[PDB]
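**Q** Experimental structure below, sequence on top.
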Amino acid sequence: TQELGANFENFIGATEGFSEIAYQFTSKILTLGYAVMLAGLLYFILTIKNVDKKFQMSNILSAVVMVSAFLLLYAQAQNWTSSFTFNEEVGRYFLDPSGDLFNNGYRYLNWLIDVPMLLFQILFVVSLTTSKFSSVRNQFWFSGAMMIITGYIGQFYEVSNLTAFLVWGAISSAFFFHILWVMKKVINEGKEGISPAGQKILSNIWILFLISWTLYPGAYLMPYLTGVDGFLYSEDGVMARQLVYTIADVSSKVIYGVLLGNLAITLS
Ligand SMILES: *C/C=C(C)/C=C/C=C(C)/C=C/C1=C(C)CCCC1(C)C
Ligand SMILES: CCCCCCCCCCCCCCCCCCCC
Ligand code: NA
């Protein structure tokens with residue numbers, strides 16, 4: 001039994017350990033992550049004056065998302081460096097028994113908080129036509145919670161039981177597909193009877209949303225995407241996972257918020 005090594009990161013850390021490059025790169029990409037959220041926090045606060053009152057709830061939710069993301073990605077970053085330690089003999093970083101070990105809790109909590117806010121906020125910028133506010137809202141929130149919960153359950157079994165990891169990921173994916181389906185409704189209805197410039201921004205938002213959100217399951221799967229003898233079943237998978245999460249974080253939270261801000265202004 002390899003009892004020290006909960007998740008793939010710990011598993012690698014406890015067995016092969018991480019090269020200087022993988023340790024440092026992961027550390028640095030996670031740092032950039034939280035750095036960008038803090039910048040984004042200040043951006044959304046400073047620019048709130050640039051949109052009409054009726055749209056400002058969106059700016060508000062952008063800012064609160066930035067707070068949660070800053071704190072929890074900061075905590076995650078520290079947890080990474082705290083968890084692995086240099087062995088001079090071998091010249092690699094190994095799971096440190098006198099630490100807390102790498103923990104996915106920070107990110108999944110961040111998701112639990114941010115997903116419902118990101119989905120909600122667009123409903124304060126665009127108008128529906130034939131759909132009802134309260135139904136779209138409840139649909140986003142329900143499927144959003146279920147997506148994360150099932151995903152979290154899946155994550156538990158990542159090393160102990162890969163079959164379970166993937167099955168729960170598939171269940172999660174179903175809730176994902178529902179959310180995509182509703183969002184696409186929202187965007188189409190939101191286009192009707194706004195200026196073409198605004199329609200164009202909404203088109204960009206749709207593609208951003210679709211791509212950035214799909215990165216998350218990408219990064220979930222990343223280490224397994226070349227089989228269990230594979231290039232990615234390795235510290236390179238860890239590096240790729242964390243890189244892709246961070247790109248997704250910046251895209252889904254910051255860029256998304258900026259575009260919604262921009263839409264609100266064309267509607268102002
Ligand atoms: C700001 C953070 C966001 C927008 C996080 C979004 C997370 C997801 C869309 C996660 C999706 C997942 C699946 C659909 C399958 C694998 C498990 C998850 C939870 C990673
Ligand atoms: C060390 C990392 C550097 C931090 C800077 C990160 C920059 C993101 C902060 C939010 C800035 C968004 C500004 C976008 C301006 C778009 C204006 C569009 C009008 C056409
Ligand atoms: Na260390």
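**A** That came in fine, so what should we check first? Numbering: from 1, shown residues only. Ligands and ions are numbered 1, 2, ... in the order given.
**Q** Number of residues surrounding the spatially closest residue to residue 251 that is not a sequence neighbour?
**A** The shortest distance from residue 251 to any non-neighbouring residue, by Cβ to Cβ, 6 or more residues apart in numbering, is to residue 212 (3.6 Å). C-beta coordinates here come from the backbone N, C-alpha and C atoms, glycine included. Using other Cβ atoms under 10 Å, residue 212 has 18 other residues around it.
**Q** quick one: residue 212 and residue 73, what's the gap?
**A** 16 Å (Cβ to Cβ, to the nearest Å).
**Q** What of residue 217?
**A** Residue 217 is 19 Å from residue 73, by Cβ to Cβ.
**Q** quick one on the thing from earlier: so who does the residue nearest to residue 251 touch?
**A** When contacts are counted by Cβ atoms under 8 Å, 6 or more residues apart in numbering, residue 212 touches 247, 248, 251, 252, 255, 256.
**Q** ok, for the fourth one, nearest residue in space, not its chain neighbours?
**A** In this structure, residue 252 finds its nearest non-sequential neighbour in residue 212, 4.2 Å apart by Cβ to Cβ, 6+ apart.
**Q** can you tell if stretch 246-259 touches ligand 2?
**A** Yes: using Cβ under 6 Å from any ligand atom, stretch 246-259 reaches ligand 2 at 254, 258.
**Q** which other residues reach that stretch?
**A** For stretch 246-259, the external contacting residues (Cβ under 8 Å, 6+ apart) are 29-30, 32-33, 36-37, 40, 43-44, 58, 62, 65-66, 69, 73, 114, 118, 121, 201, 204-205, 208-209, 211-213, 215-216, 219.
**Q** follow-up on the earlier one: show me which of the contacts of residue 212 is closest to residue 103.
**A** residue 248 (19.1 Å; Cβ to Cβ).
**Q** distance of the spatially closest residue to that closest one that is not a sequence neighbour from residue 181?
**A** Spatially, and ignoring its direct neighbours in sequence, residue 248 is nearest to residue 215 (3.7 Å; Cβ to Cβ, 6+ apart). Using Cβ to Cβ, we find residue 215 at a distance of 19 Å from residue 181.
**Q** Who has more neighbours out of these two?
**A** A count of neighbours by other Cβ under 10 Å puts residue 215 above the other of residue 215 and residue 181, at 19 against 11.
**Q** Quickly find the element holding the more buried one.
**A** If you go by DSSP states H and E, residue 215 is part of helix 196-221.
**Q** How about that helix and ligand 1, any contact?
**A** Yes: contact of helix 196-221 with ligand 1 (Cβ under 6 Å from any ligand atom) involves 213, 216, 217, 220.
**Q** next one: stretch 177-191
**A** No: under the criterion of Cβ under 6 Å from any ligand atom, ligand 1 is not reached by stretch 177-191; the shortest gap measures 7.6 Å.
**Q** need the contact list for the nearest residue to residue 103 once chain neighbours are set aside.
**A** Nearest residue to residue 103 in three dimensions, chain neighbours excluded: residue 79, at 5.8 Å (Cβ to Cβ, 6+ apart). Counting by Cβ under 8 Å, 6+ apart, residue 79 touches 100, 102, 103, 106.
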